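First the structure, in the form of C-alpha cells, and then the observations on it.
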Amino acid sequence: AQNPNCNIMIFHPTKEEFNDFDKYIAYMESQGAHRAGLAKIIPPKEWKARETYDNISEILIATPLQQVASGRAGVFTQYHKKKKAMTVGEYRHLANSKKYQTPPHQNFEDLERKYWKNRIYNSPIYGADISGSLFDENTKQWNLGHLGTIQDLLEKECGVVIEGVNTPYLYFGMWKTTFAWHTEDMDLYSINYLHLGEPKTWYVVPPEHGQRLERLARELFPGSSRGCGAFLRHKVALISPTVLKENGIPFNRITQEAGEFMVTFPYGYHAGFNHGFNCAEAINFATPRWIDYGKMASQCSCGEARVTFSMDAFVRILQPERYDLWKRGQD
Ligand SMILES: O=C(O)CNC(=O)C(=O)O
Ligand SMILES: [Mg+2]
Ligand code: NI
Ligand SMILES: [Zn+2]
C-alpha cells in the first residue's frame, strides 16, 4: 500500500503532466496521496493563473464576516457576525491596519505558536464564499472555473441526469482568519488555489482516521453534539494541534504559499488559518472514487448547516433514505 503513514505529499507536475486534470489526480492517488487527506501541487514554472493582480480592488465583498471566538485557546468555537459591504481594496487596507495586521515573527512556526496562543482574543474579518473566479479565461490548465462538473461525473458514473451547477468561490483573508474542522459537502474533493498574498496553514486528519476526530469533537463540544449528530457540518469548531496530540489523534500540517494548489480528498477533515491579507479560489469536484464516499457522508438535519441548491440532488440520488429528514433541515 502506498503512503502507509498518510503523509502529506507534494507534487511538481511538468507542463505536459498539467494538461489532463483528471489523469493527474488519479496519478497522485496511485502514489497514495489521498491517504493524507491533503496534497500540495506546485504548478510548472511555465504556468500562470492570470497576468497580474493589479486590477482586483473593485470586487465587492457583500457580507464580510467577523469571526468571534468562545472557549479556551486550544478548544473554541466561532460565530460569524455580519458586517457592512466593502470592496477588496477597502478590505486589504483593513487587513493591513494596526488592529488586524500580522505581528512581527521569526518564521512560520513562530507565527503558528502565536496563532494558537492568541487567536481567541481577537475577531478577524473574512470574505467568504464569494461566487466568482480570478483565472484568466485563456488559462487552459488547472483553471478552477473550467473543471468537469460534479453533476456530469454523477451522470457519467451512474447514468442519472440531475439539475445543479458547480462554480468556484473566492475568499479574502487576513491574519487569524480561521477555517473550522470539517469535511467537504457530501465528502467531496476540494481544490484551493492561493492567488496572492500571505500564506495559509492547514491541518488535516487522514480519511481512514476521521472517526477518531469525530469522537474527540463529541467529547470536547458536548452540547453541540447533543444538538446534532453531525455538528462538524456547522463549520464552527476548532481544536489545536497540541490538543490533538494530547488525545492521540493522527494529523498532519503544511503551509500553502501564493502560487500553490492544495487538494483535499474525500472525508479528509481539515482546518487552518491565514497568515495575513490573501486571496484564494476554491471549488468542489468529484472523481469515480468519490461516489462511495458520497453515499456514506453524514448529514446535518438540525437546520444549522444550510447549503447550496446543488446538494439536493446529491442527497436525493445517493442517500434516498436520508433525503426527507435532510430536506426538512433545509426548510
Ligand atoms: O481558503 C479557504 O477559505 C477555504 N478553502 C478550503 O477549506 C478548501 O479548499 O477546502
Ligand atoms: Mg476590480
Ligand atoms: Ni474545505
Ligand atoms: Zn446540525
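Residue numbering restarts at 1 in every chain; chains get A, B, ... in the order shown in the C-alpha cells, and ligands count up from 1 in that same order.
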
Per-residue DSSP, segment 51-256 of chain A, filtered to strand (DSSP E or B), as a PyMOL selection string: chain A and resi 60-61+65-72+75-82+86-87+125-131+169-173+178-182+189-197+200-205+237-239+252-256

Residue contacts of residue 177 of chain A (8 Å, only C-alpha atoms) excluding same-chain residues fewer than 2 positions away, as a PyMOL selection string: chain A and resi 67+124-126+173-175+179+273-274

Surrounding residues as a ChimeraX atom specification, ligand 4, max 12 Å, only C-alpha atoms and all ligand atoms: /A:223-236,298-307,325-326,328-330

Can you spit out the residues from that selection as a short mmCIF file (atom, residue, chain, number, x, y, z; two decimals), in the first residue's frame, using N, CA, C and O atoms?
```cif
data_model
loop_
_atom_site.label_atom_id
_atom_site.label_comp_id
_atom_site.auth_asym_id
_atom_site.auth_seq_id
_atom_site.Cartn_x
_atom_site.Cartn_y
_atom_site.Cartn_z
N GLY A 223 -22.42 19.83 24.31
CA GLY A 223 -23.78 20.40 23.99
C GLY A 223 -24.04 20.43 22.51
O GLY A 223 -25.11 20.08 22.03
N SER A 224 -23.02 20.78 21.73
CA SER A 224 -23.22 20.77 20.27
C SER A 224 -23.48 19.37 19.76
O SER A 224 -24.31 19.17 18.87
N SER A 225 -22.81 18.39 20.31
CA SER A 225 -23.02 17.03 19.89
C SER A 225 -24.43 16.50 20.22
O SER A 225 -25.03 15.82 19.40
N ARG A 226 -24.96 16.88 21.38
CA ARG A 226 -26.37 16.54 21.70
C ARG A 226 -27.35 17.19 20.76
O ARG A 226 -28.37 16.59 20.45
N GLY A 227 -27.06 18.37 20.32
CA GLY A 227 -27.91 19.11 19.36
C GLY A 227 -27.97 18.55 17.96
O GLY A 227 -28.96 18.74 17.25
N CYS A 228 -26.87 17.89 17.52
CA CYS A 228 -26.76 17.45 16.15
C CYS A 228 -25.73 16.34 16.03
O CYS A 228 -24.54 16.59 16.35
N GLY A 229 -26.11 15.19 15.46
CA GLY A 229 -25.23 14.05 15.27
C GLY A 229 -24.16 14.24 14.17
O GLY A 229 -23.33 13.31 14.03
N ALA A 230 -24.17 15.38 13.49
CA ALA A 230 -23.12 15.80 12.51
C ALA A 230 -22.78 17.27 12.63
O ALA A 230 -22.67 18.01 11.70
N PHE A 231 -22.57 17.70 13.90
CA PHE A 231 -22.36 19.13 14.13
C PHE A 231 -21.08 19.76 13.54
O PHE A 231 -21.04 20.91 13.35
N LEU A 232 -20.10 18.88 13.17
CA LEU A 232 -18.97 19.45 12.43
C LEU A 232 -19.34 20.03 11.08
O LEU A 232 -18.67 20.95 10.61
N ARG A 233 -20.50 19.60 10.55
CA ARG A 233 -21.07 20.21 9.33
C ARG A 233 -21.40 21.68 9.52
O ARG A 233 -21.54 22.42 8.55
N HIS A 234 -21.54 22.14 10.79
CA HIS A 234 -21.82 23.57 11.07
C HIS A 234 -20.62 24.44 10.81
O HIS A 234 -20.70 25.64 10.72
N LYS A 235 -19.39 23.84 10.79
CA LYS A 235 -18.18 24.55 10.48
C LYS A 235 -17.89 25.69 11.44
O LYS A 235 -17.57 26.79 11.06
N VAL A 236 -17.92 25.36 12.73
CA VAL A 236 -17.64 26.31 13.83
C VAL A 236 -16.65 25.83 14.87
O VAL A 236 -16.31 26.67 15.71
N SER A 298 -22.06 11.67 6.28
CA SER A 298 -23.00 12.17 7.28
C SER A 298 -23.72 13.38 6.82
O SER A 298 -23.28 14.16 5.96
N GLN A 299 -24.87 13.55 7.44
CA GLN A 299 -25.56 14.74 7.19
C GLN A 299 -26.14 15.45 8.43
O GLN A 299 -26.47 14.77 9.40
N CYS A 300 -26.13 16.75 8.38
CA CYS A 300 -26.78 17.57 9.41
C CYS A 300 -28.28 17.72 8.93
O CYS A 300 -28.48 18.27 7.83
N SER A 301 -29.20 17.47 9.81
CA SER A 301 -30.61 17.76 9.54
C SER A 301 -31.19 18.70 10.57
O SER A 301 -32.43 18.88 10.55
N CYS A 302 -30.37 19.33 11.46
CA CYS A 302 -30.90 20.18 12.53
C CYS A 302 -31.20 21.53 12.04
O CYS A 302 -31.75 22.31 12.83
N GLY A 303 -30.82 21.97 10.84
CA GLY A 303 -31.07 23.32 10.36
C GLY A 303 -29.88 24.22 10.32
O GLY A 303 -29.88 25.26 9.64
N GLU A 304 -28.82 23.84 11.02
CA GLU A 304 -27.71 24.77 11.10
C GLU A 304 -26.95 24.79 9.82
O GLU A 304 -26.78 25.90 9.30
N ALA A 305 -26.67 23.63 9.18
CA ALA A 305 -25.66 23.64 8.10
C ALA A 305 -26.00 24.45 6.81
O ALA A 305 -25.11 25.10 6.25
N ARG A 306 -27.27 24.58 6.47
CA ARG A 306 -27.75 25.16 5.16
C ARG A 306 -26.68 25.35 4.05
O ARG A 306 -25.63 26.01 4.26
N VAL A 307 -26.96 24.73 2.90
CA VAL A 307 -26.05 24.66 1.76
C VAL A 307 -26.76 24.91 0.45
O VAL A 307 -27.99 25.10 0.38
N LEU A 325 -35.56 13.60 5.81
CA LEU A 325 -35.06 14.28 7.04
C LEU A 325 -34.12 15.43 6.71
O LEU A 325 -34.21 16.50 7.31
N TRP A 326 -33.17 15.27 5.79
CA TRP A 326 -32.22 16.28 5.49
C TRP A 326 -32.92 17.51 4.88
O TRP A 326 -32.52 18.69 5.16
N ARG A 328 -35.98 18.58 5.21
CA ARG A 328 -36.62 19.29 6.32
C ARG A 328 -35.64 20.25 7.02
O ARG A 328 -35.98 21.41 7.31
N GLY A 329 -34.39 19.81 7.24
CA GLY A 329 -33.37 20.69 7.83
C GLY A 329 -32.97 21.83 6.93
O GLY A 329 -32.44 22.86 7.39
N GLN A 330 -33.13 21.65 5.62
CA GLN A 330 -33.03 22.74 4.68
C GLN A 330 -34.24 23.71 4.72
O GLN A 330 -34.11 24.83 4.29
#
```

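For residue 285 of chain A, the list of residues within 9 Å, based on only C-alpha atoms and with local chain neighbours fewer than 4 positions off taken out, reads residues 147, 148, 149, 150, 153, 166, 188, 189, 190 and 191 of chain A.
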
Residue contacts of residue 283 of chain A (7 Å, only C-alpha atoms) excluding same-chain residues fewer than 5 positions away, as a list in words: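 After dropping sequence-adjacent residues, the list is residues 144, 167, 168, 169, 190, 191 and 192 of chain A.
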
Ligand 1 neighbours within 10 Å using only C-alpha atoms and all ligand atoms, as a VMD selection string: chain A and resid 38 126 to 129 169 to 173 177 to 185 188 to 194 200 202 261 to 265 268 to 274 278 to 284

Site check for ligand 2: residues at most 6 Å away, only C-alpha atoms and all ligand atoms, as a count of residues only: 5

Contact residues around segment 9-21 of chain A with only C-alpha atoms at 9 Å, ignoring same-chain residues under 4 positions, as a PyMOL selection string: chain A and resi 3+25-26+28+31-34+36+38-47+140-142+147

Could those selected residues go to a file with N, CA, C and O atoms, as a compact mmCIF listing (two decimals), in the first residue's frame?
```
# COMPACT_ATOMS: atom_id res chain seq x y z
N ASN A 3 2.10 5.09 0.63
CA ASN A 3 1.96 6.13 1.68
C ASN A 3 1.27 5.65 2.92
O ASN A 3 0.29 6.24 3.43
N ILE A 25 -4.91 13.77 -10.98
CA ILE A 25 -5.46 13.38 -9.69
C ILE A 25 -5.33 11.88 -9.50
O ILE A 25 -4.96 11.38 -8.44
N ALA A 26 -5.68 11.12 -10.56
CA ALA A 26 -5.59 9.66 -10.46
C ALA A 26 -4.10 9.24 -10.25
O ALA A 26 -3.84 8.30 -9.46
N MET A 28 -1.78 11.02 -8.62
CA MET A 28 -1.45 11.30 -7.23
C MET A 28 -2.01 10.22 -6.30
O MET A 28 -1.29 9.77 -5.39
N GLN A 31 -0.01 7.08 -6.13
CA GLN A 31 1.16 7.20 -5.23
C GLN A 31 0.71 7.31 -3.75
O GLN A 31 1.58 7.50 -2.88
N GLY A 32 -0.56 7.15 -3.45
CA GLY A 32 -1.03 7.20 -2.08
C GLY A 32 -1.34 8.56 -1.51
O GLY A 32 -1.54 8.68 -0.30
N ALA A 33 -1.42 9.56 -2.36
CA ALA A 33 -1.61 10.94 -1.82
C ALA A 33 -2.87 11.11 -1.00
O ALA A 33 -2.87 11.84 0.01
N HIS A 34 -3.94 10.45 -1.40
CA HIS A 34 -5.22 10.62 -0.71
C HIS A 34 -5.21 10.13 0.68
O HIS A 34 -6.07 10.54 1.48
N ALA A 36 -3.36 10.88 3.06
CA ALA A 36 -3.17 12.02 3.97
C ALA A 36 -4.43 12.86 4.19
O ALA A 36 -4.54 13.55 5.22
N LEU A 38 -4.94 15.44 2.15
CA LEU A 38 -4.49 16.73 1.60
C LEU A 38 -3.23 16.52 0.79
O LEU A 38 -2.37 15.74 1.31
N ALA A 39 -3.08 17.16 -0.34
CA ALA A 39 -1.82 17.18 -1.09
C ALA A 39 -1.55 18.57 -1.58
O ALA A 39 -2.51 19.36 -1.78
N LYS A 40 -0.28 18.93 -1.78
CA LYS A 40 0.11 20.16 -2.40
C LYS A 40 0.56 19.92 -3.82
O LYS A 40 1.32 18.94 -4.05
N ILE A 41 0.18 20.77 -4.74
CA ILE A 41 0.64 20.71 -6.15
C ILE A 41 1.24 22.09 -6.49
O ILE A 41 0.61 23.12 -6.49
N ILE A 42 2.55 22.03 -6.84
CA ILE A 42 3.29 23.20 -7.27
C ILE A 42 3.20 23.22 -8.78
O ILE A 42 3.68 22.28 -9.45
N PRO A 43 2.63 24.26 -9.42
CA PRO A 43 2.47 24.28 -10.87
C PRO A 43 3.85 24.39 -11.55
O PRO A 43 4.79 24.93 -10.99
N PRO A 44 3.92 23.88 -12.81
CA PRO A 44 5.21 24.10 -13.57
C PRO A 44 5.51 25.56 -13.68
O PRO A 44 4.67 26.47 -13.70
N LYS A 45 6.81 25.87 -13.82
CA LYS A 45 7.29 27.23 -13.92
C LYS A 45 6.72 28.01 -15.10
O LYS A 45 6.70 29.19 -15.02
N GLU A 46 6.31 27.35 -16.13
CA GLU A 46 5.74 27.99 -17.35
C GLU A 46 4.30 28.49 -17.14
O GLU A 46 3.78 29.22 -18.01
N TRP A 47 3.66 28.01 -16.08
CA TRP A 47 2.19 28.27 -15.88
C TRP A 47 1.96 29.53 -15.09
O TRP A 47 2.67 29.94 -14.18
N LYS A 140 -5.58 27.49 -19.75
CA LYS A 140 -6.23 26.22 -20.04
C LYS A 140 -6.00 25.07 -19.09
O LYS A 140 -6.73 24.10 -19.15
N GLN A 141 -4.96 25.18 -18.30
CA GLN A 141 -4.55 24.13 -17.37
C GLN A 141 -4.91 24.53 -15.92
O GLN A 141 -4.63 25.64 -15.54
N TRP A 142 -5.57 23.61 -15.23
CA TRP A 142 -5.92 23.80 -13.81
C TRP A 142 -6.65 25.10 -13.55
O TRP A 142 -6.44 25.75 -12.55
N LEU A 147 -13.34 23.14 -14.74
CA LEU A 147 -13.32 21.78 -14.43
C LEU A 147 -14.64 21.01 -14.86
O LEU A 147 -15.63 21.63 -14.97
```

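Excluding residue 249 of chain A and any residue on its chain fewer than 2 positions from it, the residues at most 9 Å away by only C-alpha atoms are residues 205, 209, 212, 213, 216, 243, 244, 245, 246, 247 and 251 of chain A.
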
Coordinates-based distance that separates atom CA of residue 286 of chain A from atom CA of residue 214 of chain A (Å, one decimal):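 Atom CA of residue 286 of chain A lies at a distance of 23.3 Å from atom CA of residue 214 of chain A.
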
Among the residues A:98, A:255, A:60, A:50, the one that comes closest to residue 139 of chain A [using only C-alpha atoms]: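 Residue with the minimum atom-to-atom distance to residue 139 of chain A: A:50.
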